[PDB]
Structures are given as C-alpha cells and as structure tokens.
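Only one chain is shown below, in structure tokens, and it's the form deposited in one PDB entry.
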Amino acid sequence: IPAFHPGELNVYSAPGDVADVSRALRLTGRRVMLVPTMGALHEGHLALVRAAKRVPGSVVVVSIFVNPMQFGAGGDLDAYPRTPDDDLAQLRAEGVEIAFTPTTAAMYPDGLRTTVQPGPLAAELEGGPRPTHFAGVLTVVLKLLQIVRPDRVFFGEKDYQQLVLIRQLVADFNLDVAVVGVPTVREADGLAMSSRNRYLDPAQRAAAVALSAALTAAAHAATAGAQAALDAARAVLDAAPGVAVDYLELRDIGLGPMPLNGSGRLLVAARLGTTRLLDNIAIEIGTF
C-alpha cells in the first residue's frame, strides 16, 4: 500500500497503487465512490463529486484520464482541453481525497486487444457517425471499475446515452456496483455546462441558450402530445441564429428497442460554428 494521507488530496498514477489503496480502504469499512472524468473540470463535474461526497463514510476517487479509445481521430484527441493544475486545485477545494491520473501506457500496455462491444444502442444517436465511440467509453469504464472497485460510480445525465450504456454494461456483465445518475448542471440561463462551452464566442454563447429553451419548452408543451412537444422545440431551434440542428429525437427513457410510451427523453445535438453541443431532458407525454 502506497502512502495515503486522510483528509488530503492523494494523487496516484499507477493503477496498482490506487487499487491497493482502494482495497485497503474498503477492507477497513470506508465506502469507495468513483467519479470518472477526462479532466478540464467545471461545476457539472463537481456536482458528481459532491453527490459522491455526501454518501456516509465514503472516500471519493476521481479519475482524470483523457481516454484515447473514445476519440475517433488523432485531431480530436489532441484538441481536448487539458487543465491539470486547475483540476487538482478544484478537487482539493472539494475535499476529494483521491485523484487517479493514469498514463495511456499504463491503461493500454497492449494497445487495443480485448475490448467491450456495446449493444445496438451504441450505433445510434451520438454513436451513429462515431461507431467506435461507445466501445471506447465502456472499455475504459469497465477497466476503471475493476481497478478502483467502487461501491458506487457517478455519471451525469448530461451524457444521458452514455449513462444508459453504462447501466447496460453493469447489468450485462453482472458488475457489483451501483450506478448513480446525477442531474445536469446548467448555467443561469439554462445552458448545460460542458467543457466545450469555452469554444463558443459571445454571439454563439448567446445563441446556445436555444437548446435548453427548446427542450424545456418541449417538456411543457408535452401535455398536448409528442408532436406538440417536438414542434415547440423545433420552433425554438429554428428561431436561433447560427444553430444547426444535428438531431432532435424523443425516445423511451431507456433509449432501447421500445416505443416512447408516456415517460421519455428528448435529446438534441446542434452545431454552433465548429462546436457541437448536446442537451436532453426528461419528458412526460400527456402529463401536466
């Protein structure tokens, strides 16, 4: 077991080290919480941290690893924002005791060999034009779950399709861990917080409010049915300057091979300049 100073931020890069410390903690009775991230932390990520921290007797482990496998190309990987120093200072401020920062070589010493093949959901919505994206996500999350072996792992509703796929992963491989979904943190005007918002200039930032406004408009128009909810969302997006809608779809909450029946999720993806933004919201059809 490597050094572990309670009540302070302990940083480990070696999977073996965090694994030994986690087990040691688990064996003493502490409940290990895992919050997977790719760094460039903002308030959205901190809500996950805070959710993990409120669990009684918990020790919080935050992983920061820009996973190469979920990137479709070298360009996107190199362009991902990285702010190591700010990330650890925010973790320290939140009272997080463990940050796990592995290298690409420690995570993929054998390159891409055994991997996770997601179900059909991975080829839809965000996975449509990025066929290997979710396999990259589930493969790294499975590894992180095995290294850290937390009692609970936290994911944001912001990346709802990712959250649903992780629940499938956990169910399908019989993983003994509870998956905790955390509601989407939004700016004061509704914009969902994202590390990509930094790529919006003043005008785009102002136009980006249309995604959340379109969704919440849809959620209320839904008392009048699916079509009403969809057309209301579309009218808001159409009135937004410089917003190119990629997709806007209403689906059952599980996103699976089931028709929308009552409770669902409205998902949108749109481009502002070169910045692709995403948002989703719970929707009740016919319910007021």
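Residues that one form lacks are left out of the comparison. In this text, rigid core is short for the largest set of C-alphas that superpose within 1.5 Å between two forms. One-based numbering along the sequence shown.
- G136 unmodelled in at least a third of other compared entries: No, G136 has coordinates in all the other entries compared.
- Do a third or more of the other compared PDB entries fail to give coordinates for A73? Yes, a third or more of the compared structures omit it.
- Message: When the Cα temperature factors in the entry are averaged, is it 34-42 or 231-239 that ends up higher?
- Response: Comparing averages over the C-alpha atoms only gives 231-239.
- Out of 126-134 and 97-105, which stretch has the higher average CA B-factor listed in the record? Per the PDB record, 126-134.
- Going by the deposited entry, which of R167, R82, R198, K143 has the highest CA temperature factor? In this record, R198 carries the highest C-alpha B-factor of the candidates.
- Query: Taking the C-alpha B-factors as the PDB entry records them, is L91 in the lowest, middle or highest third of its chain?
  - Reply: Highest third of the chain for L91's C-alpha B-factor.
- Item | Chain-wide C-alpha B factor ranking for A282, given as lowest, middle or highest third | For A282, the deposited C-alpha B-factor lands in the middle third.
- Chain-relative CA temperature factor third for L9: Answer is highest: the recorded C-alpha B-factor places it there.
- Query: Can you tell me which third, lowest, middle or highest, the CA B-factor of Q161 falls into for its chain?
  - Reply: According to the entry, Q161 has a C-alpha B-factor in the chain's lowest third.
- Among all modelled residues of this chain, ranked by Cα B factor, put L77 in the bottom, middle or top third, i.e. lowest, middle or highest. Answer is lowest: the recorded C-alpha B-factor places it there.
Form deposited in another entry: not shown, discussed below.
- Message: Given a cut-off of 2 Å on Cα movement between this form and the one not shown, rigid core as reference, pick the single residue from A105, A171, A73, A188 that exceeds or meets it.
- Response: With the rigid core superposed, the residue that stands out is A73.
- Task: Tell me, please, whether between this form and the one not shown the C-alpha of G256 is shifted by 2 Å or more, with the rigid core used for superposition.
- Result: Yes, the C-alpha moves 2 Å or more.
- Item | Closer or farther in the other form: C-alpha pair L260, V116 (3 angstroms or more) | Here the pair is closer than in the other form; there, farther apart.
- Inter-Cα distance between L260 and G156 in the other form, nearer or further [3 Å or more]: Relative to the shown form, the pair is farther apart.
- Message: If I superpose on the rigid core and flag every C-alpha moving 2 Å or more, which consecutive runs of 3+ residues come out between this form and the one not shown, in sequence order?
- Response: The segments that shift (3 or more residues, C-alpha shift of 2 Å or more) are 73-75, 256-261.
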